[PDB]
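Chains as they are written, first to last, in the authors' numbering: chain LY, 1 to 134; chain LL, 2 to 159; chain LC, 54 to 316.
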Amino acid sequence: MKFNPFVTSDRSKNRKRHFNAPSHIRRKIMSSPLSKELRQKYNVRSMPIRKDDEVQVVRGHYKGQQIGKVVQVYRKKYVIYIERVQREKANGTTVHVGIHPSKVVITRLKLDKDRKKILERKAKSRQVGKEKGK
Amino acid sequence: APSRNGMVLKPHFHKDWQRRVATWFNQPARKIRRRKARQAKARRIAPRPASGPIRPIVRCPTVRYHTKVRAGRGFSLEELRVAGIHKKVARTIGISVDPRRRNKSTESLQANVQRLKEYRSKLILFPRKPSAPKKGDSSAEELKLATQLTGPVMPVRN
Amino acid sequence: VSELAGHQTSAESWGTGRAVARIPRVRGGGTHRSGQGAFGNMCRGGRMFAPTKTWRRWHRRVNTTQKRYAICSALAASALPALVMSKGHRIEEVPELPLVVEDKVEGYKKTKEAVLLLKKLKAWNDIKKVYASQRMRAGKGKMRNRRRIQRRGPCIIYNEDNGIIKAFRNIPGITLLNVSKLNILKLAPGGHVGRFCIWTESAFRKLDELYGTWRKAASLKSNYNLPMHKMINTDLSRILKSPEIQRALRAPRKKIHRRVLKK
RNA sequence: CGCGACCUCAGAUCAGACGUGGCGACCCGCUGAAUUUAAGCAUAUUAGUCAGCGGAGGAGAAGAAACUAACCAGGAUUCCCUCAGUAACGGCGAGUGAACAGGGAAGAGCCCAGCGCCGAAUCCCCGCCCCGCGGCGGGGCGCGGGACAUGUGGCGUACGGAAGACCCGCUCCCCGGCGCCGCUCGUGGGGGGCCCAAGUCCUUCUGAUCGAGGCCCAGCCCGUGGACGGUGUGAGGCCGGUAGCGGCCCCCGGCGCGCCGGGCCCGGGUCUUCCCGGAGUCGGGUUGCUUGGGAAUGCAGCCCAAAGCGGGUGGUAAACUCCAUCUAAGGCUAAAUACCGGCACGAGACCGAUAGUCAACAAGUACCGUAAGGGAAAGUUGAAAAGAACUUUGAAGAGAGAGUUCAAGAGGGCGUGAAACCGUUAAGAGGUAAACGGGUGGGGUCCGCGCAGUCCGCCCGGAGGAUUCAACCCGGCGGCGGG
RNA sequence: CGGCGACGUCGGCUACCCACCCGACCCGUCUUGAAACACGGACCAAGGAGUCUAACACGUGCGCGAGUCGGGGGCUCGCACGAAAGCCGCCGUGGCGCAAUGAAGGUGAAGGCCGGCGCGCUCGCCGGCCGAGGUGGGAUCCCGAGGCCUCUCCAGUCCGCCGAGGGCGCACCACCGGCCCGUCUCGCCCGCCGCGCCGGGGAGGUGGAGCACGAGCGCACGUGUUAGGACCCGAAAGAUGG
RNA sequence: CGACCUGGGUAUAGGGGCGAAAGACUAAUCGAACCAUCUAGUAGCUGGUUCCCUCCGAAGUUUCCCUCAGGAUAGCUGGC
RNA sequence: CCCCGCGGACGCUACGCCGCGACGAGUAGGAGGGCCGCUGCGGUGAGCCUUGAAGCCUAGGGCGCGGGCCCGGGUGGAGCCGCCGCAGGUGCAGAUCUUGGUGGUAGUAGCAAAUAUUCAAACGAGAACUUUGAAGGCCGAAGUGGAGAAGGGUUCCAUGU
RNA sequence: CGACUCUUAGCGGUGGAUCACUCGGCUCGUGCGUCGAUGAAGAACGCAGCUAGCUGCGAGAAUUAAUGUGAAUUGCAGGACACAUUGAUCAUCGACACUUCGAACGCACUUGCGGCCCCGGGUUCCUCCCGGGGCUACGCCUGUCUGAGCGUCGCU
Ligand SMILES: [Mg+2]
Ligand SMILES: [Mg+2]
Ligand SMILES: [Mg+2]
Ligand SMILES: [Mg+2]
Ligand SMILES: [Mg+2]
Ligand SMILES: [Mg+2]
Ligand SMILES: [Mg+2]
Ligand SMILES: [Mg+2]
Ligand SMILES: [Mg+2]
Ligand SMILES: [Mg+2]
Ligand SMILES: [Mg+2]
Ligand SMILES: [Mg+2]
Ligand SMILES: [Mg+2]
Ligand SMILES: [Mg+2]
Ligand SMILES: [Mg+2]
Ligand SMILES: [Mg+2]
Ligand SMILES: [Mg+2]
Ligand SMILES: [Mg+2]
Ligand SMILES: [Mg+2]
Ligand SMILES: [Mg+2]
Ligand SMILES: [Mg+2]
Ligand SMILES: [Mg+2]
Ligand SMILES: [Mg+2]
Ligand SMILES: [Mg+2]
Ligand SMILES: [Mg+2]
Ligand SMILES: [Mg+2]
Ligand SMILES: [Mg+2]
Ligand SMILES: [Mg+2]
Ligand SMILES: [Mg+2]
Ligand SMILES: [Mg+2]
Ligand SMILES: [Mg+2]
Ligand SMILES: [Mg+2]
Ligand SMILES: [Mg+2]
Ligand SMILES: [Mg+2]
Ligand SMILES: [Mg+2]
Ligand SMILES: [Mg+2]
Ligand SMILES: [Mg+2]
Ligand SMILES: [Mg+2]
Ligand SMILES: [Mg+2]
Ligand SMILES: [Mg+2]
Ligand SMILES: [Mg+2]
Ligand SMILES: [Mg+2]
Ligand SMILES: [Mg+2]
Ligand SMILES: [Mg+2]
Ligand SMILES: [Mg+2]
Ligand SMILES: [Mg+2]
Ligand SMILES: [Mg+2]
Ligand SMILES: [Mg+2]
Ligand SMILES: [Mg+2]
Ligand SMILES: [Mg+2]
Ligand SMILES: [Mg+2]
Ligand SMILES: [Mg+2]
Ligand SMILES: [Mg+2]
Ligand SMILES: [Mg+2]
Ligand SMILES: [Mg+2]
Ligand SMILES: [Mg+2]
Ligand SMILES: [Mg+2]
Ligand SMILES: [Mg+2]
Ligand SMILES: [Mg+2]
Ligand SMILES: [Mg+2]
Ligand SMILES: [Mg+2]
Ligand SMILES: [Mg+2]
Ligand SMILES: [Mg+2]
């Protein structure tokens, strides 16, 4: 349990910190789990959600295996939008349904020079923890 | 109004006492703050005995307490003289000279010079330049026997 | 509460010639607040009756002899299965109710070997009761960081700390007590005696010199001896059935004389 | 009748600096009530308090005895416990009210003037060069200015000091960098950044699941991590985190040694000879305030006004006498201590939208007053706007259908939705206002799934079934008793 | 022992409406007396008033007990809990208690019996013992004559019950003596390194919140009184600064 | 046609101002303005003072008080 | 030295159970009990709950002397309670009580100071009140006219609702 | 029989209690403990593509630079943004900048009125106009320059 006397377990402080988070640490809050194939090829469990990576919804109304590309992450709303996860409104047009990124699993990442660097840094840290836990 | 039979009580609560109320909720916090400052001070003076300098034997100054003895502010200049140590180097040795105390008794005098002389024997003095031991001590008993002394330097006992 | 609460208003009493109550009323005239009652425990936004102060004497001091007395009583209750069962601790498969393990468990390091020890000792059923008792509190405690509640597990009382605290302390309900410094708030959690306690070998042997016997005084408390009984044989059945008691008695009058209707 | 020196003044948008105002919770210096209590009230109390004025710092003030004591003596200041509601003050009424000793926290000591000696040895400012920058210093150079004998610096300060000899020990400083330590102790010393375990497994509930059952071996997996929050429910394993003398990268600081730069070069004993102190101050009278201080505790005004084996204190005024104790009228000094303002945190047996701050919200806001100033009310759709397309009546507000949603009997002041009050519907009743207590009667809405009305212990008879009943034999286990 | 039981009826005094008989003035308050032509109250919702601190007194519970109490400080992995807890003992300083009395100087709580002896002088020497005296009550306890039995007598073997009387007497009460301190009256002795305006002693009354084989200390709770805003609301005023 | 009416600018501020004088006026306030604070001022006086059963159950009288609408005191009450 | 048999109701939370006798008014006031009620804390119920918590509604069924409580049905949609202790900002009909809301009065008082309106048309869904024209009037130059000063601050002017 | 009135119930209104929730308080504790003429606190006025309030900011105005981070911001639009011939956003913040009042500083509160010194234009140097820049508060310290005195003196 929490022993560090400089990090709070207060409910109100944690909720206030969560809902008023700046965009750059709102990005970390929106991390999403990686698939089994992605977890084996890399050594990282969770990854912050990107703009154009494929994903499948595992909870809610839109569960299934339809691998949909993320098309927008709305950090103001704490939701992401996916290609085929849509709903038709009264007028007949289609709008996306926002789902929390914790309820999706990433199946392929969007790799850049930065994504590889963060991918490799989490793998090296888990390796360090594993060797310490030999 | 007095009811039947009791003390004639005179509370001292006519002076708006609720603004000058000292609560003690920071007592446990103060004890920790004083404790760790004691630990930090002791570890700063690494071989020095962690609790201030040696203090003299001192008789309490009243017919109620003159049977008991305690530790005074410091050694007087006459006890320092007959122990053959200078009043300036004494405080660097950790002896706490007190210049405004006088000795009107030889037994009280002799008691505090035996305390100083047998303190000097128990002293271990580190050379100021460790490379060259000039007049301080021998390296053999410098290494093993040099430890921080907790509690008062040898305490007075009745 | 705030010492200024309800009194930063500057309200006058409004008089008595006007057909309103004589409570102080807020001055002004351009607000809703103007003309409303103030300063009263009966007034909205006013000061409560007898505002609570910080100098309320929150702490109590108990005599050291009494505090040791309770600890001795709590320890004596933990060795009687009827009392510990009456605390609802699920000890039916455990042997030798005052339960002592070797000091090897003092040097444990991982939760895996701590759980395996509890299962082998057959003390795990009490842990499973703690898990099943994990639920959400009722009332304002949830808003005040006391969200979830659970039961009390067994107490592991050790002598030295060679990793036993880290091995345990992730099991819900488990409390480590360090026999050198007991705690009546943890030996009798609700004020009720009879907590399930597991001892190590070094802790059990130290107990005798920590509180003393009756024939010898405690060597780790410098003045303490065990409290004495006012009733050595506290079993009425044997006493009342003992022959010496029975020879002195008179024959019982067991026939019932009910009221006889006056014909 | 000019030119110089000094003195005392003046000007400058002169060269270079400094102060002003704010906050003020804590702290320092003044000033300073009345309500109130005394069952009236004037001394007293409130109270040296509120209000008022000034000045600071991270603390401030105090502080190294013109002390306490009367002991076998203690030994700066400040804070805690105690002394102690005590000695004492008090229309001796109401009430007020310390100190010493003792035990602790902390602990630290010193510097001038004077008296003297030393060729003013002293200091500031302006230029030169180089060593440098990094809050600006070092060195030397100036037949460069100024301050200063109306007294700068070195030695030295009441614990005595100085100067000569005699003896002894040579015994050895601080400040700035280079490289590395030690690897900086609560284990990093701090600040910042990024990361690090394990189920979204099987079957099911649901609008949604974080719910419910299951996961062989002794058991789903991790656990030094089962704090917390988010996520469409209630999550140790979905996410952020949490644990960890865990990892990585930047920045900064005090630390020890080899080196370099500078300066800085006598300390202690014995003897002799010298030298020693703060004045309109102490103290006294009187007045006013103040204190527990009482023939006057302290402070201040006015008058008087010192001494040097003197002076102060020695809690009853005075004279004589012995003794004790300190050395006033100059200055500095950390720690323990305080903190309702500020920056950043953590927590709670607190409050839960008439509560808790006035303010959970575009709150010191809207608004009021010429102004000083007074000062509110006001939280909640839904998981997701999916925020009602489209048809129709009306000029529109507003409806009827339709549609979304699990739900609009959740439709933008929309969670739930009480009472008072009202509309309608149904039943009943109604000329002593209603309403009420006891007693029945009538009607009605519902309840008894009321409606052939017990059960079950022994025995008798009929009619069936099956092991097996008893008794022994073997094995296990208990209760009781045993010199 | 009888009758009646399903789409019509049985039971349900509770509950809804209505009817009738008897009774029935509107509550709170102040008051001798309220239905009052006495005051407050149109209605509903929410809020709303003996609290906390300190000091006493008594009762009760608890621990220890001539003691008791760490409350202030200090010592214990790194503080989730834990600002808790544990420990100190040459940390018991100190507080209350164990000694009272007087303004103070000060003084300061043990009696009874037996023998010789002074003169057993209302009184000195000791010797021996015992250790707070005595009277009247006094729960409880102890002894106890006499009794009470067995299918039955002679001779006692075991204990049990009732029991006239007697005995030791707790606590406590009433009374009488005794002891300590202050103060009066009377009177005679004794001590010495200081022979003193010295010191001590006796008897008889009186003043004391005393002694007379301790009961307190700490903690908690309740009640009552008080100082504090002090159960809540309420003046006419007074003062300070604007 | 006057000791006349009136605008604007100035001066006088609370125990103070100003008044051909009424205690008049001084921002609808004047026999002492308004604002904030001391202040939750004091009140022997008025009003209120929140759940249920069970048990017991009064006094308006004595003495003293600047006492007579209050208190102390003794009685009456309850509890242990 | 029981027995053809192998047997023989309930009880005694001792803070429990049982028996007998007498008694029962009550303001002010005192005390006891409360398995009366509210909120939060430590224990405890292998307690309850999206197969539906709290809250609210109820011609539903009951229990208790009572405070009150349990149960059925409805609504609601996320939490809650029993028992042993602990702690209170713990119980309302009143205070010309505070805040908020709502009634009867009541479709009532009233929309009566300064002489006065009428005809046709246009726009418009809609005209006593707008606009145009015609008529009858009023202010009557110390104005119901035309301009400013203080004061206000965009009220000025167009267009639209 | 209607109507009206009363009681009870269903439904519907009015109203916003109750309950549940809480990015708010209150209380306690901890570590720091830092404003200003190098112009503070405070006020005014401005600044967004669409912006009234709140918030942030200062004519570089809902922000520039730098450093960490690493693909958004979001109500709509817009154009960005190769993420290495260097990067959206956010955070940090040490560079830069920071309107007018205000201790408030040329005088005064009327954007009123000056003075001195440089620069650019009109001049076509001579100094009148326009613009830009820098100075111009009080008290006080050290020094400097210039001084005053039938103040005390010296030399003629
Ligand atoms: Mg309030
Ligand atoms: Mg609740
Ligand atoms: Mg200048
Ligand atoms: Mg008075
Ligand atoms: Mg009075
Ligand atoms: Mg008076
Ligand atoms: Mg003040
Ligand atoms: Mg100042
Ligand atoms: Mg200072
Ligand atoms: Mg000082
Ligand atoms: Mg005392
Ligand atoms: Mg005083
Ligand atoms: Mg110390
Ligand atoms: Mg000199
Ligand atoms: Mg001195
Ligand atoms: Mg959650
Ligand atoms: Mg969770
Ligand atoms: Mg994870
Ligand atoms: Mg960590
Ligand atoms: Mg005297
Ligand atoms: Mg509020
Ligand atoms: Mg509410
Ligand atoms: Mg408010
Ligand atoms: Mg505000
Ligand atoms: Mg619904
Ligand atoms: Mg709804
Ligand atoms: Mg609603
Ligand atoms: Mg009345
Ligand atoms: Mg009357
Ligand atoms: Mg009466
Ligand atoms: Mg009445
Ligand atoms: Mg009448
Ligand atoms: Mg009246
Ligand atoms: Mg009325
Ligand atoms: Mg009312
Ligand atoms: Mg402690
Ligand atoms: Mg003692
Ligand atoms: Mg007797
Ligand atoms: Mg007697
Ligand atoms: Mg009493
Ligand atoms: Mg009051
Ligand atoms: Mg009180
Ligand atoms: Mg008042
Ligand atoms: Mg007066
Ligand atoms: Mg008159
Ligand atoms: Mg007026
Ligand atoms: Mg006045
Ligand atoms: Mg009198
Ligand atoms: Mg009366
Ligand atoms: Mg009767
Ligand atoms: Mg009765
Ligand atoms: Mg209350
Ligand atoms: Mg209420
Ligand atoms: Mg009410
Ligand atoms: Mg009408
Ligand atoms: Mg009319
Ligand atoms: Mg006319
Ligand atoms: Mg117009
Ligand atoms: Mg109805
Ligand atoms: Mg309704
Ligand atoms: Mg930038
Ligand atoms: Mg002008
Ligand atoms: Mg001259």
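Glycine included, every Cβ here is placed at the ideal spot set by N, Cα and C.
**Request:** Give the secondary structure of LC/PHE249 by DSSP, where H, G and I count as helix, E and B as strand, and everything else as coil.
**Result:** coil
**Prompt:** If you measure beta-carbon to beta-carbon, which residues of the stretch 4 to 22 of chain LY are closer than 9 angstroms to chain LC?
**Reply:** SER9, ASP10, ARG11 and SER12
**Item:** Neighbouring residues, chain LC, relative to LL/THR24 (Cβ below 7 angstroms)
**Value:** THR107 and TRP108
**CA nearest to the CA of LY/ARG115, picked from LY/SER46, LY/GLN40 and LY/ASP10** = LY/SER46
**Item:** Neighbour-count burial assignment, LL/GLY85, 16 or more Cβ in a 10 Å radius
**Value:** exposed
**Request:** For LC/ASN116, decide whether its Cβ has a neighbour in chain LY, counting only Cβ atoms nearer than 8 angstroms.
**Result:** no
**Asked** Using a C-beta to C-beta distance shorter than 8 angstroms, which residues of chain LY count as neighbours of LC/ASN198?
**Response** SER9, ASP10 and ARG11
**Request:** Could you tell me which residues DSSP puts in a beta bridge with LY/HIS96?
**Result:** LY/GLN86
**Prompt:** Taking DSSP as the reference, what is the three-state secondary structure of LC/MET138?
**Reply:** helix
**Prompt:** Between which two residues does the beta strand (DSSP E) harbouring LL/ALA72 extend?
**Reply:** 70 to 72
**Identity of the residue in LY/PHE6, LY/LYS28 and LY/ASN4 nearest LY/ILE118 by Cα** = LY/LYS28
**Request:** Taking 8 angstroms as the cut-off, decide whether the C-beta atoms of LC/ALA58 and LC/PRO77 are in contact.
**Result:** no
**Request:** Kindly list the residues whose CB is nearer than 7 angstroms to the CB of LC/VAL147, restricted to its own chain and excluding five residues on each side of it in sequence; keep chain order.
**Result:** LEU174, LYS175 and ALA176
**Expected contact under 8 angstroms - CB spacing of LC/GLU213 and LC/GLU159 to nearest Å** = 6 angstroms
**Request:** Could you have a look at LY/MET47 and say whether DSSP puts it in helix, strand or coil?
**Result:** strand
**Message:** In whole angstroms, give me the CA-to-CA distance for LY/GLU131 and LY/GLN40.
**Reply:** 18 angstroms
**Request:** With LC/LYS239 as the anchor, note down where its alpha helix (DSSP H) starts and where it stops.
**Result:** 237 to 240
**Prompt:** With which residues is LC/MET189 paired in a DSSP beta bridge?
**Reply:** LC/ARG201
**Request:** Go to LY/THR107, then tell me how far its beta strand (DSSP E) extends in each direction, as first and last residue.
**Result:** 104 to 108
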